[PDB]
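Peer 1:
Number of protein chains: 2
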Amino acid sequence: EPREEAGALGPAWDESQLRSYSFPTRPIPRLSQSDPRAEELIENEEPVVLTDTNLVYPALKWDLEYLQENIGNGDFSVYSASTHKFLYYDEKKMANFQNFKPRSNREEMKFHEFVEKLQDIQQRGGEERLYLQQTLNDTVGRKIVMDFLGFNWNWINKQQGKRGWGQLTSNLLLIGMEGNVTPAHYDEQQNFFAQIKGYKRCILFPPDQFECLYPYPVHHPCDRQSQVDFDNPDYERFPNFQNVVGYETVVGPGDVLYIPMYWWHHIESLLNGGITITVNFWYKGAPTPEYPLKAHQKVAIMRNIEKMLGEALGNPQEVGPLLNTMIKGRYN
Amino acid sequence: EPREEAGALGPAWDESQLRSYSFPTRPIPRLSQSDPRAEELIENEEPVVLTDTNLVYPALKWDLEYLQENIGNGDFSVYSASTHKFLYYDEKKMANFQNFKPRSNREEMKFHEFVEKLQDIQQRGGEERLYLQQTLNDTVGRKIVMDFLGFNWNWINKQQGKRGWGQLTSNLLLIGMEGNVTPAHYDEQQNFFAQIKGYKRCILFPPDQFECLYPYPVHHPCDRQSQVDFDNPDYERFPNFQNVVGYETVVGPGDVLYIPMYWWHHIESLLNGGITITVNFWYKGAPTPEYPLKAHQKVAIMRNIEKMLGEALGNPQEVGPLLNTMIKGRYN
Ligand SMILES: O=C(O)CCC(=O)C(=O)O
Ligand SMILES: O=C(O)CCC(=O)C(=O)O
Ligand SMILES: [Fe+2]
Ligand SMILES: [Fe+2]
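Protein chains in written order, with PDB author numbering: chain A, 15 to 303, 307 to 349; chain A', 15 to 303, 307 to 349. A prime marks a further copy of an entry chain.
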């Protein structure tokens, strides 16, 4: 049930802003950072929303105006799409699937250019949608650097330490239009997801739901993304999608979602909620050291078998046929 | 068409002695050892019957009486079976498939004991069948050693040399009753198959017919044997068996069949042809050094993936499910 905003400013959102899907979900716990339960959750690689880390306290004031004035003159990656769905794809892998035709394009531009584009679409009542997604780097301005420095490094570093995680690989800045969706996928890094402006509905599925989510082949540009269209699931190709069960939540300014490595996540900017801003924190996972193996370990194994076959056969497209030959009449 | 025996002793066999199966076959070439064509065949790992190598010239006189008198007092492995089919199984792997119940048993005995058993069955009109299969070793007697030494090492060593093969790992002595069958399987060694007494129908299928022959899982005791019952093929489980095509031949005393590594072979002692004697020569293949990959290389790859998964998951029985999870909805 939607939380009330302090000061009797009313419900932060309502049901009508949520997209409707075919599967049930349970709530992800929202807890204080001081609550031992949060600590058990993270320890065990289960999601949790922290409500009070102050992780990006200084970024709460960010909006387009402030960012345009201060984020520098560096290039920003902007995806454009004709649907609300921004399926991620890896350009490096595009050669090996000539028949893949992306639904969204990436364009490099200056922050002011992005803002202007956002302005033009609004005014022209256009249907185009944009999603800025760009790693924060040295080109940003002084004030931003001040802000960034003002993040609660104290708290997150301890987190990195307690969990034996690896280094911070990056912080992605995501600014998106209301209604935008990042379709379900998994990332090979641990992620603290810091919501700053707007609200994002986050739907997660644990690693052991691999059978239900049908990730594209490792060598395909959509490696790590599910093949199922959540808007119109095709149960013939993907029958187990009828057994999927999610953990969901809505994060707002100030909240931090722990999205544990290998957990599937689907992320949507609320309908009619205005733009959203988020900053994630991606850490390399801890080192691979016991049976029984954990789901994510099995996932690792499967990935590796695909990669090995790819290399050994000399053509990733040969991977499927070999696997089929391997199991039909033998293991299926 | 059956060859005529020298001296107008008539046809060495006839069609009625051949078991009938569902698939077509073509003849394997019979050539003289001096014929360059044989040499191209072996070079290219394709079967050929050599008619004049004199490889086991001294063994041609062997029969049960001579062997009993001279083969020593060592133990001999004897398989017993209630069907004409002697499916091979690897006792080391029996633990991991508690539900496998072998159709034939192995019994260790003295050659004279084997002979006696053969005598008792005959006299008692029994239906039991035996197949002696035992590697030739030091315990054999003087005369046998003389014979063995009299093999055409000159010729076979050159063969080993020309093909860069590895060492002779062994020579199996196979003595079997008329009608006995070794069901189709593949061996990971190069094999010169030297027929000595009786006739054996040999049906071979090249490595690229893997999809048609459905080998048991690598960790199963029947690893390397086809799962299809050639006598009553189950096309629902094994639909591609309807596309299988063999190379066949009948070897007799003096002939040598080159059964190249990874080639499937099915071997049968002619109905009503009396006992058979054969000696094989197994060499480790040459070393693994280019695309496109050869069929047998793909077979190697598949074997290895199965072995790796086995070890990595800690339970071979977990191998199938993982593979199924890997491909369904993804590669199939
Ligand atoms: O917020 C989004 O739209 C995507 C974020 C995401 O997928 C991630 O941080 O892994
Ligand atoms: O002759 C037989 O029955 C079996 C021989 C065989 O399978 C082999 O030498 O690989
Ligand atoms: Fe992600
Ligand atoms: Fe064999």
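Even for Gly, the Cβ is constructed at its ideal location relative to N, Cα and C.
1) Please indicate yes or no: does the CB of residue 201/A' lie closer than 7 Å to some heavy atom of ligand 4?
2) Classify residue 289/A' as helix, strand or coil using the three-state DSSP reduction.
3) Let me know if residue 197/A' comes out buried or exposed under the rule of 16 or more other beta-carbons within 10 Å of its beta-carbon.
4) Within the present structure, is the beta-carbon of residue 281/A separated from the nearest heavy atom of ligand 1 by less than 7 Å?
5) Could you give the first and the last residue of the continuous beta strand (DSSP E) run that contains residue 190/A'?
6) Could you check whether the region 84-104 of chain A' touches the region 205-213 of chain A', counting it as contact only if at least three pairs of C-beta atoms, one from each stretch, sit closer than 8 Å?
7) Under 7 Å Cβ-Cβ, which residues of chain A neighbour residue 304/A'?
8) Is the CB-CB distance between residue 238/A and residue 272/A below 8 Å?
9) Quick one: which residues of the region 194-225 of chain A' get their C-beta closer than 8 Å to a C-beta of chain A? List them in chain order.
10) Under a CB-based cut-off of 8 Å, is residue 101/A' close to chain A?
11) When you compare the CB of residue 252/A' with every CB in chain A, is at least one pair closer than 8 Å?
12) Based on Cα-Cα distance, which residue from 318/A, 203/A, 133/A, 342/A lies nearest to residue 227/A'?
13) Report the three-state DSSP secondary structure of residue 148/A (helix, strand or coil).
14) Just to confirm, does residue 207/A' get its C-beta within under 7 Å of one of the non-hydrogen atoms of ligand 2?
15) Using the rule of at least 16 other Cβ atoms within 10 Å of the residue's Cβ for burial, across every protein chain shown, is residue 62/A buried or exposed?
16) Could you pull out every residue in the same chain whose Cβ sits closer than 7 Å to the Cβ of residue 37/A', ignoring the five residues on either side in sequence?
17) Give the interface partners of residue 331/A over in chain A', defined as CB-CB distance under 9 Å, in chain order.
18) Any chance the CB of residue 284/A' is under 7 Å from a heavy atom of ligand 2?
19) Please compile the residues from chain A' whose C-beta is within a distance smaller than 8 Å of the C-beta of residue 318/A.
20) What span of residues does the alpha helix (DSSP H) with residue 134/A cover, start to end?
21) Could you tell me whether the Cβ of residue 153/A' comes closer than 8 Å to any Cβ of chain A?
22) Check whether the Cβ atoms of residue 293/A' and residue 70/A' sit closer than 8 Å, and answer yes or no.
23) Closer than 7 Å: is that where the CB of residue 55/A' sits relative to any heavy atom of ligand 2?
24) For residue 58/A, does the count of other Cβ atoms within 10 angstroms reach 16, so buried, or fall short, so exposed?
25) Could you please give me the residues that DSSP links to residue 141/A' through a beta bridge?
26) Excluding five sequence neighbours on each side, which residues of the same chain lie with their C-beta closer than 7 Å to the C-beta of residue 287/A'?
27) State the DSSP-derived secondary structure class of residue 305/A', mapped to helix, strand or coil.
28) So the alpha helix (DSSP H) residue 330/A' belongs to, where does it begin and stop?
29) Chain A' beta carbons: is any one of them nearer than 8 Å to that of residue 290/A?
30) Measuring only between beta-carbons, confirm whether residue 347/A' sits less than 8 Å from chain A.
31) Please state whether DSSP places residue 236/A' in a helix, a strand or coil.
32) Quick one: which chain A' residues come within Cβ less than 8 Å of residue 336/A?
33) Near residue 306/A', which residues of its chain fall below 6 Å by C-beta distance, leaving aside the five closest residues on each side in sequence?
34) Starting from residue 205/A', follow the beta strand (DSSP E) in both directions and report where the run begins and ends.
35) Residue 342/A' touches chain A at which residues, Cβ-Cβ below 9 Å?
36) Select from the region 265-280 of chain A' all residues with a C-beta closer than 8 Å to any C-beta belonging to chain A, and list them in chain order.
Peer 2: This is what the structure gives:
1) yes
2) coil
3) buried
4) yes
5) 186-190
6) no
7) Because residue 304/A' lies between 303 and 307, and chain A' jumps straight from the first to the second, it has no atoms in this structure.
8) no
9) 224, 225
10) Chain A, which has no Cβ nearer than 8 Å to the Cβ of residue 101/A', makes this no.
11) Contact with chain A is found for residue 252/A', since one of that chain's Cβ atoms lies less than 8 Å from the residue's Cβ.
12) 342/A
13) strand
14) yes
15) Looking at its Cβ environment, which holds 16 or more other Cβ atoms inside 10 Å, residue 62/A is buried.
16) 258, 259, 260
17) 308, 309, 310
18) no
19) 326, 329, 330, 339
20) 125-137
21) It does not: the Cβ of residue 153/A' has no partner Cβ on chain A nearer than 8 Å.
22) yes
23) no
24) exposed
25) Beta-bridge pairing links residue 141/A' to no other residue.
26) 27, 31, 192, 212, 213
27) Along chain A', the last residue before the gap is 303 and the first after it is 307, so residue 305/A' carries no coordinates.
28) 312-330
29) no
30) yes
31) In this structure, residue 236/A' counts as coil in the three-state DSSP scheme.
32) 348
33) For chain A', the structure lists 303 followed at once by 307, and that leaves residue 306/A' out of the model.
34) 203-211
35) 224, 225, 315, 319
36) Taking 8 Å as the upper bound on Cβ-Cβ separation, chain A lies near no residue of the region 265-280 of chain A'.
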